[PDB]
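Q: Input: one structure, supplied below.
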Amino acid sequence: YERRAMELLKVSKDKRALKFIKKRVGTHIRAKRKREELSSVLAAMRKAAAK
Amino acid sequence: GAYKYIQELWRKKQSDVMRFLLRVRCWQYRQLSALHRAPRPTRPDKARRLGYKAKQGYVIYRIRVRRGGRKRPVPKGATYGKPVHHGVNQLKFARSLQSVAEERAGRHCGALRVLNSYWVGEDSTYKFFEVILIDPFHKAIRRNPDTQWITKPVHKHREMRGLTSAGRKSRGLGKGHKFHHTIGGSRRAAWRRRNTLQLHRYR
Amino acid sequence: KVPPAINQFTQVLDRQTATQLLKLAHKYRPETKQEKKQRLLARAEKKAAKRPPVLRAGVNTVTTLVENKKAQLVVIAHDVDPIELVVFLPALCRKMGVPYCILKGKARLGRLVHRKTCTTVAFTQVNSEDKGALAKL
Amino acid sequence: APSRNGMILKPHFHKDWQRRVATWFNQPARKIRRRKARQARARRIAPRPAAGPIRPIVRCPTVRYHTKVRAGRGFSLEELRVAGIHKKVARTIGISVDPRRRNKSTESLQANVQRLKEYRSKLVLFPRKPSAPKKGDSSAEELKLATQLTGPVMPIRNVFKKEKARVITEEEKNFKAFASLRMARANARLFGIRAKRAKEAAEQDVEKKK
RNA sequence: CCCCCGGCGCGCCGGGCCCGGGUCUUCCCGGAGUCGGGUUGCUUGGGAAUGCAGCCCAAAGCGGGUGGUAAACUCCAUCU
RNA sequence: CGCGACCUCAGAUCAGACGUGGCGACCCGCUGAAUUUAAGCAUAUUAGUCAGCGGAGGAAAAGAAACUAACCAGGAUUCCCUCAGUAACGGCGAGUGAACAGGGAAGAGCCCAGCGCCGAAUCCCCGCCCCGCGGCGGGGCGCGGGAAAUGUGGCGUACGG
């Protein structure tokens, strides 16, 4: 479900991605907490792709 | 050591390394018998956290427990009563399947004494656990002062009174406002003390 | 499709270099119950009138000193029943820059010590003559 | 069917209460056994007090009793850490400890360490071995003055301060106590909406200029 | 008056026994198909679900649980 | 193909141990009704109650907070008094129905895994010595056998270490 979520991150459908994880992991605070972590590793993938 | 490295791995059940290795043992146990002995713990980090000490006298049994819920044993429904008690199909059991797993091993292996069990694999039709038994009459267990509490006769058949971690979960006892209906010793004890009349001497 | 973090355990070291490394490891074997007994009678007799570098068996000994970067070579067994006990360690020494080799069979690896099985053996330090013997390995 | 007038009774006697009637004929017999065991516990640790270890001064919650003082369960560590006595030593000489307690105030903390200093003054310590007086022991002449203390040792008393007669000031005559209450009852209740209405003033100011 | 029985210390020996507190510097520290969410059934005084379980989803770490009206944000308190 | 480990898994009238079963007044885990009441009755009540099932002990269970509170805060459990027939539940009908605070009786706290540190520094059994031996125990001697590195013993548990 996380690899399905990063596709929503690269198309940046964040309002739908949060709803996607909330129906997966549970309450809003957990779905919030995981969400910024997953764009932080995409940016950690985006920092290596350039150089 | 390396146990903490194993600890955070087993919390990654959805990962491909675990999704593979879980389905191997789940396939492997499903070809075995319903009740048999394993030589060594397949899940060692969860063993020692529950009290498993690798020495002579610690024997573990890996069993399979049928998935699902419980249905009421009555012919064609046969609940000659009110519409409240006609419910026969969607009923659920009180004790957890992990506590039923410690029963079937403890009852059959009545020579040993149950300590703890843990999850090792799941299927749509079965539910596998590895219970950690203990031998009450080996001197390696008898002579260590930390584990001679097992041999006392009140620790016979902890799986029949529910004194295990799986056993303490299903009784619903604990501290707080949420467990008011079991203040005292038991859910039977709370109800008993709440429904007697204290006929004093001078009233 | 075996996942590659455990597929890496059929990708094992060859025949002839396993001979030399165990020959290199047939020189740092641990003190037995006798070689401890013949150690303690030697230190107790000097009571009336420093240790050489030895190996480390078991993952609980190894994974500590790799984090302290004290190891110079790691020997691995490939056929543990809970493969999860080893799976992290090749991907760990890569991040720790510690050279690791995998060996087929834990029993022949279990006879470096006088026990049945050994999952992991470490080379933390060596003798003075045994320096070019590992630097080529 | 009720009579002309009465009350409405809901007597919870619809179960089978007859089977679960616990009568109290043990009470004169229970007090016999209890005091006998209370005397056996007395003579078993005879020089130590029958009341057991000391209980600290404790305030009680739930504002109906928040002006009262109880007997505590045990002295907190921050009550004993500044006392100069380690927690695994105070159990040997009759000081009850429980580590879960806090001291958010200071006046209770200082009053209890006052109670331990005077308890340490009263404490007649035997030697470990009869032939040698150790450094922290009591002297020999105090051993004859060592007997059993009945009753709770250093009993907690909810005493109060006397207030001398004083002349009333002029501000106190102009002091409107009840009018201060309803003004303060407004201030505590309408604190949120006054915090909110203070925020939109700024945005309706900045768009006027910008 | 006579046995039995333990208790209590007192002396002999085989013994294992080197352990504490305070200042400062610097490292370490926690339990997972479980918490939790969904839904169904039972139970509870527990009432937009107290407790128990079955099934699906499935954790996090200045996090988590609780703070008796659902939810969002904001502070706290409070345990682990 | 011979051999040697190991890994699994059998089989013994193998060496030595251990479990069944009875009582069940009191205790613990499940299961679990209906007569009864509501002037009928189906929710409810009866009631987590009898009948059934398991396993105990001379006590059991529970128990050292993922606690109560909202204070100037208390501080494991169990038991009595009070809270109180109260908050609350309920064809809001019938009925049902706790907890905190306070006063008592009692009073008691601690071990692991993990974390690392100790050269596995630990343990069973057989051979032997002494000493007691109707609780087969201690001490020492055995390149005696074995367990254990897929982790024993020591240090150490949230009050910090």
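Chain labels A, B, ... are given in the sequence in which chains occur in the structure tokens; within each chain residues are numbered consecutively from 1, and ligands are likewise numbered from 1 in the order shown.
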Show which residues sit within 10 Å of segment 3-15 of chain A, as a ChimeraX atom specification. Count only C-alpha atoms (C1' of nucleotides), and ignore same-chain residues fewer than 4 positions away.

A: /A:19-21,35-36,38-39,41-42

Q: If you keep N, CA, C and O atoms, can you produce a file of those selected residues as a short mmCIF file (atom, residue, chain, number, x, y, z; two decimals), in the first residue's frame?

A:
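Below you can see out31.cif, which holds the result:
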```cif
data_model
loop_
_atom_site.label_atom_id
_atom_site.label_comp_id
_atom_site.auth_asym_id
_atom_site.auth_seq_id
_atom_site.Cartn_x
_atom_site.Cartn_y
_atom_site.Cartn_z
N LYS A 19 -6.30 10.49 2.40
CA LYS A 19 -7.50 9.66 2.50
C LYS A 19 -7.20 8.21 2.18
O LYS A 19 -7.86 7.31 2.71
N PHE A 20 -6.22 7.96 1.32
CA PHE A 20 -5.87 6.59 0.97
C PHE A 20 -5.21 5.88 2.13
O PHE A 20 -5.49 4.70 2.40
N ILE A 21 -4.33 6.57 2.84
CA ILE A 21 -3.62 5.94 3.95
C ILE A 21 -4.52 5.84 5.18
O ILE A 21 -4.41 4.90 5.97
N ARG A 35 2.59 10.24 6.32
CA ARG A 35 2.46 10.84 5.00
C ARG A 35 3.67 11.70 4.65
O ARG A 35 4.25 11.56 3.56
N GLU A 36 4.05 12.61 5.54
CA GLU A 36 5.21 13.46 5.26
C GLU A 36 6.50 12.67 5.26
O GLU A 36 7.48 13.08 4.62
N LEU A 38 6.83 9.79 3.85
CA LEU A 38 6.92 9.14 2.55
C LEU A 38 7.27 10.10 1.43
O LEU A 38 7.84 9.67 0.42
N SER A 39 6.93 11.38 1.55
CA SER A 39 7.47 12.35 0.62
C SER A 39 8.88 12.77 1.00
O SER A 39 9.59 13.34 0.16
N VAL A 41 11.13 10.52 1.79
CA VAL A 41 12.01 9.53 1.18
C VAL A 41 11.93 9.61 -0.34
O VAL A 41 12.89 9.24 -1.03
N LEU A 42 10.82 10.10 -0.88
CA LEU A 42 10.78 10.45 -2.29
C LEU A 42 11.73 11.60 -2.60
O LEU A 42 12.43 11.57 -3.62
#
```

Q: Leaving out residue 28 of chain E and any residue of its chain fewer than 4 positions from it, which residues lie within 12 Å of it when counting only C-alpha atoms (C1' of nucleotides), given as a PyMOL selection string?

A: chain F and resi 114-117+156+160-161

Q: Would you export the selected residues with N, CA, C and O atoms (P, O5', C5', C4', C3', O3' and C1' of nucleotides) as a PDB file, in the first residue's frame, please?

A:
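To be explicit, this is the file written out as out03.pdb:
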```
ATOM      1  P     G F 114      18.769 -10.898  25.834  1.00  0.00           P
ATOM      2  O5'   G F 114      18.424  -9.476  25.203  1.00  0.00           O
ATOM      3  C5'   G F 114      17.689  -9.378  23.994  1.00  0.00           C
ATOM      4  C4'   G F 114      17.041  -8.026  23.844  1.00  0.00           C
ATOM      5  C3'   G F 114      17.991  -6.852  23.725  1.00  0.00           C
ATOM      6  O3'   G F 114      18.516  -6.696  22.421  1.00  0.00           O
ATOM      7  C1'   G F 114      16.314  -6.332  25.291  1.00  0.00           C
ATOM      8  P     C F 115      20.104  -6.701  22.195  1.00  0.00           P
ATOM      9  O5'   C F 115      20.606  -5.403  22.963  1.00  0.00           O
ATOM     10  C5'   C F 115      20.101  -4.119  22.641  1.00  0.00           C
ATOM     11  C4'   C F 115      20.658  -3.073  23.567  1.00  0.00           C
ATOM     12  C3'   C F 115      22.142  -3.177  23.861  1.00  0.00           C
ATOM     13  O3'   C F 115      22.948  -2.663  22.819  1.00  0.00           O
ATOM     14  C1'   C F 115      20.962  -2.769  25.865  1.00  0.00           C
ATOM     15  P     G F 116      23.568  -3.658  21.725  1.00  0.00           P
ATOM     16  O5'   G F 116      25.127  -3.356  21.772  1.00  0.00           O
ATOM     17  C5'   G F 116      25.998  -4.164  22.546  1.00  0.00           C
ATOM     18  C4'   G F 116      26.298  -3.532  23.878  1.00  0.00           C
ATOM     19  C3'   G F 116      27.504  -4.086  24.612  1.00  0.00           C
ATOM     20  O3'   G F 116      28.709  -3.509  24.144  1.00  0.00           O
ATOM     21  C1'   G F 116      25.675  -3.832  26.111  1.00  0.00           C
ATOM     22  P     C F 117      30.116  -4.247  24.375  1.00  0.00           P
ATOM     23  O5'   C F 117      30.455  -3.963  25.902  1.00  0.00           O
ATOM     24  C5'   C F 117      31.628  -4.501  26.479  1.00  0.00           C
ATOM     25  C4'   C F 117      31.458  -4.778  27.948  1.00  0.00           C
ATOM     26  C3'   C F 117      32.017  -6.103  28.432  1.00  0.00           C
ATOM     27  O3'   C F 117      33.417  -6.068  28.622  1.00  0.00           O
ATOM     28  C1'   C F 117      29.859  -5.778  29.339  1.00  0.00           C
ATOM     29  P     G F 156      23.385  -5.664  39.944  1.00  0.00           P
ATOM     30  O5'   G F 156      22.474  -4.908  38.884  1.00  0.00           O
ATOM     31  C5'   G F 156      22.782  -3.592  38.456  1.00  0.00           C
ATOM     32  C4'   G F 156      22.154  -3.305  37.119  1.00  0.00           C
ATOM     33  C3'   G F 156      20.653  -3.543  37.043  1.00  0.00           C
ATOM     34  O3'   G F 156      19.890  -2.444  37.502  1.00  0.00           O
ATOM     35  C1'   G F 156      21.700  -4.659  35.259  1.00  0.00           C
ATOM     36  P     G F 160      15.629   8.014  40.156  1.00  0.00           P
ATOM     37  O5'   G F 160      16.164   7.667  38.701  1.00  0.00           O
ATOM     38  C5'   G F 160      17.335   6.887  38.537  1.00  0.00           C
ATOM     39  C4'   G F 160      17.066   5.655  37.715  1.00  0.00           C
ATOM     40  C3'   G F 160      18.294   4.839  37.356  1.00  0.00           C
ATOM     41  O3'   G F 160      18.701   3.971  38.395  1.00  0.00           O
ATOM     42  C1'   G F 160      17.040   5.221  35.412  1.00  0.00           C
ATOM     43  P     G F 161      20.237   3.938  38.856  1.00  0.00           P
ATOM     44  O5'   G F 161      20.919   2.955  37.809  1.00  0.00           O
ATOM     45  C5'   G F 161      20.340   1.693  37.521  1.00  0.00           C
ATOM     46  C4'   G F 161      20.821   1.163  36.198  1.00  0.00           C
ATOM     47  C3'   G F 161      22.325   1.141  36.004  1.00  0.00           C
ATOM     48  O3'   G F 161      22.950   0.045  36.641  1.00  0.00           O
ATOM     49  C1'   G F 161      21.310   2.057  34.089  1.00  0.00           C
TER      50        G F 161
END
```

Q: Got a sec: who's within 10 Å of segment 19-24 of chain D, counting only C-alpha atoms (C1' of nucleotides), leaving out chain neighbours fewer than 5 positions off, as a PyMOL selection string?

A: (chain B and resi 192-193+195-203) or (chain D and resi 29-30)

Q: Could you dump the residues just selected with N, CA and C atoms as an mmCIF file, in the first residue's frame?

A:
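This went into out-v7.cif:
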```cif
data_model
loop_
_atom_site.group_PDB
_atom_site.id
_atom_site.type_symbol
_atom_site.label_atom_id
_atom_site.label_comp_id
_atom_site.auth_asym_id
_atom_site.auth_seq_id
_atom_site.Cartn_x
_atom_site.Cartn_y
_atom_site.Cartn_z
ATOM 1 N N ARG B 192 -20.157 -11.265 42.174
ATOM 2 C CA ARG B 192 -20.552 -11.911 43.416
ATOM 3 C C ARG B 192 -20.568 -10.920 44.569
ATOM 4 N N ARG B 193 -19.492 -10.145 44.714
ATOM 5 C CA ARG B 193 -19.404 -9.123 45.750
ATOM 6 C C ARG B 193 -20.400 -7.990 45.541
ATOM 7 N N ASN B 195 -23.541 -8.519 44.530
ATOM 8 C CA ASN B 195 -24.902 -9.037 44.606
ATOM 9 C C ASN B 195 -25.118 -9.896 45.833
ATOM 10 N N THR B 196 -24.415 -9.609 46.918
ATOM 11 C CA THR B 196 -24.737 -10.212 48.200
ATOM 12 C C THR B 196 -25.355 -9.152 49.087
ATOM 13 N N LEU B 197 -26.139 -9.587 50.060
ATOM 14 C CA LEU B 197 -26.690 -8.679 51.053
ATOM 15 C C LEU B 197 -25.863 -8.798 52.321
ATOM 16 N N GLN B 198 -25.373 -7.665 52.812
ATOM 17 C CA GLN B 198 -24.573 -7.649 54.030
ATOM 18 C C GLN B 198 -25.505 -7.493 55.229
ATOM 19 N N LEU B 199 -26.070 -8.619 55.642
ATOM 20 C CA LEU B 199 -26.924 -8.640 56.823
ATOM 21 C C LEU B 199 -26.043 -8.486 58.051
ATOM 22 N N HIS B 200 -25.922 -7.250 58.522
ATOM 23 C CA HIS B 200 -25.139 -6.935 59.702
ATOM 24 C C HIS B 200 -25.771 -7.562 60.940
ATOM 25 N N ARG B 201 -25.024 -7.553 62.041
ATOM 26 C CA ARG B 201 -25.583 -8.069 63.283
ATOM 27 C C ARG B 201 -26.642 -7.131 63.839
ATOM 28 N N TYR B 202 -26.389 -5.826 63.800
ATOM 29 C CA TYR B 202 -27.356 -4.853 64.278
ATOM 30 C C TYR B 202 -28.095 -4.144 63.152
ATOM 31 N N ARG B 203 -27.891 -4.572 61.906
ATOM 32 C CA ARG B 203 -28.601 -4.078 60.724
ATOM 33 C C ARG B 203 -28.491 -2.576 60.544
ATOM 34 N N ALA D 29 -16.249 -12.811 66.472
ATOM 35 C CA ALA D 29 -15.172 -13.783 66.403
ATOM 36 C C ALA D 29 -13.997 -13.295 65.577
ATOM 37 N N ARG D 30 -14.251 -12.486 64.548
ATOM 38 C CA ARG D 30 -13.168 -11.970 63.720
ATOM 39 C C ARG D 30 -12.304 -10.988 64.497
#
```

Q: Using only C-alpha atoms (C1' of nucleotides) and a distance of at most 12 Å, pull out the residues of chain D that contact chain E, as an MDAnalysis selection string.

A: chainID D and resid 81 84:89 100 102

Q: Could the residues in this selection be written to a file with N, CA, C and O atoms, as an mmCIF file, in the first residue's frame?

A:
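out-v2.cif, freshly written:
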```
data_model
loop_
_atom_site.group_PDB
_atom_site.id
_atom_site.type_symbol
_atom_site.label_atom_id
_atom_site.label_comp_id
_atom_site.auth_asym_id
_atom_site.auth_seq_id
_atom_site.Cartn_x
_atom_site.Cartn_y
_atom_site.Cartn_z
ATOM 1 N N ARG D 81 15.741 11.856 48.676
ATOM 2 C CA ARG D 81 17.014 12.166 48.030
ATOM 3 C C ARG D 81 17.665 13.392 48.654
ATOM 4 O O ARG D 81 18.881 13.414 48.878
ATOM 5 N N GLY D 84 19.176 12.910 52.408
ATOM 6 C CA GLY D 84 20.501 12.371 52.647
ATOM 7 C C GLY D 84 20.503 10.898 52.996
ATOM 8 O O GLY D 84 21.496 10.376 53.511
ATOM 9 N N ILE D 85 19.398 10.216 52.707
ATOM 10 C CA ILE D 85 19.219 8.804 53.024
ATOM 11 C C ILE D 85 18.760 8.086 51.764
ATOM 12 O O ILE D 85 17.722 8.438 51.191
ATOM 13 N N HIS D 86 19.525 7.083 51.336
ATOM 14 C CA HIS D 86 19.199 6.377 50.107
ATOM 15 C C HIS D 86 18.002 5.461 50.311
ATOM 16 O O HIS D 86 17.765 4.960 51.414
ATOM 17 N N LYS D 87 17.246 5.244 49.231
ATOM 18 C CA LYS D 87 15.973 4.538 49.317
ATOM 19 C C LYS D 87 16.130 3.079 49.716
ATOM 20 O O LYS D 87 15.257 2.547 50.408
ATOM 21 N N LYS D 88 17.220 2.427 49.330
ATOM 22 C CA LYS D 88 17.442 1.041 49.705
ATOM 23 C C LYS D 88 18.136 0.916 51.049
ATOM 24 O O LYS D 88 18.614 -0.167 51.396
ATOM 25 N N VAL D 89 18.208 2.009 51.804
ATOM 26 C CA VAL D 89 18.581 1.966 53.209
ATOM 27 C C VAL D 89 17.401 2.270 54.126
ATOM 28 O O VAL D 89 17.313 1.691 55.222
ATOM 29 N N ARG D 100 6.370 6.312 43.093
ATOM 30 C CA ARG D 100 5.481 6.886 42.085
ATOM 31 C C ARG D 100 5.075 8.314 42.431
ATOM 32 O O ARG D 100 4.592 9.048 41.563
ATOM 33 N N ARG D 102 4.864 12.327 43.498
ATOM 34 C CA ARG D 102 5.446 13.588 43.053
ATOM 35 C C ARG D 102 5.418 14.596 44.198
ATOM 36 O O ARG D 102 4.725 14.417 45.201
#
```

Q: When DSSP is applied to the backbone of this structure, which of chain C are assigned helix (DSSP H, G or I)? Write them out as a ChimeraX atom specification.

A: /C:4-7,16-25,33-48,59-67,83-85,88-96,132-135

Q: Can you measure atom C1' of residue 72 of chain E to atom CA of residue 2 of chain A for me? One decimal in Å is fine.

A: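 We find that atom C1' of residue 72 of chain E and atom CA of residue 2 of chain A lie 24.7 Å from each other.
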
Q: Quick one, how far is atom CA of residue 65 of chain D from atom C1' of residue 46 of chain E?

A: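 Distance between the two atoms: 27.1 Å.
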
Q: Which residue is closest to chain F? Choose from B:131, B:94, B:101, B:74 and count only C-alpha atoms (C1' of nucleotides).

A: B:94

Q: Please identify all residues of chain B having at least one atom at most 8 Å from any atom of chain E, considering only C-alpha atoms (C1' of nucleotides), and return them as JSON, numbers by chain.

A: {"B": [10, 11, 49, 68, 69, 90, 91, 92, 93, 94, 95, 96, 119, 170, 171, 172, 178, 179, 181]}

Q: Each residue of chain A with at least one atom at most 10 Å from chain E should appear once, together with its nearest atom pair and the corresponding distance in Å (one decimal); atoms considered: only C-alpha atoms (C1' of nucleotides); ordering: chain, then increasing residue number; output as JSON lines.

A:
```
{"residue": "A:22", "atom": "CA", "partner": "E:37", "partner_atom": "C1'", "distance": 8.5}
{"residue": "A:23", "atom": "CA", "partner": "E:57", "partner_atom": "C1'", "distance": 7.8}
{"residue": "A:24", "atom": "CA", "partner": "E:57", "partner_atom": "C1'", "distance": 5.5}
{"residue": "A:25", "atom": "CA", "partner": "E:58", "partner_atom": "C1'", "distance": 5.6}
{"residue": "A:26", "atom": "CA", "partner": "E:37", "partner_atom": "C1'", "distance": 4.1}
{"residue": "A:27", "atom": "CA", "partner": "E:37", "partner_atom": "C1'", "distance": 6.1}
{"residue": "A:28", "atom": "CA", "partner": "E:72", "partner_atom": "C1'", "distance": 9.4}
{"residue": "A:30", "atom": "CA", "partner": "E:60", "partner_atom": "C1'", "distance": 7.4}
{"residue": "A:31", "atom": "CA", "partner": "E:59", "partner_atom": "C1'", "distance": 9.7}
{"residue": "A:33", "atom": "CA", "partner": "E:60", "partner_atom": "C1'", "distance": 8.2}
{"residue": "A:34", "atom": "CA", "partner": "E:60", "partner_atom": "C1'", "distance": 8.3}
```

Q: Expressed in Å to a single decimal, how great is the separation between atom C1' of residue 77 of chain F and atom CA of residue 117 of chain B?

A: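 The value is 26.5 Å.
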
Q: If you count only C-alpha atoms (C1' of nucleotides), which residues fall within 12 Å of residue 111 of chain D, apart from same-chain ones fewer than 4 positions away, as JSON, numbers by chain?

A: {"D": [56, 57, 58, 59, 75, 79, 83, 103, 105, 106, 107, 115, 116, 117, 118, 156]}
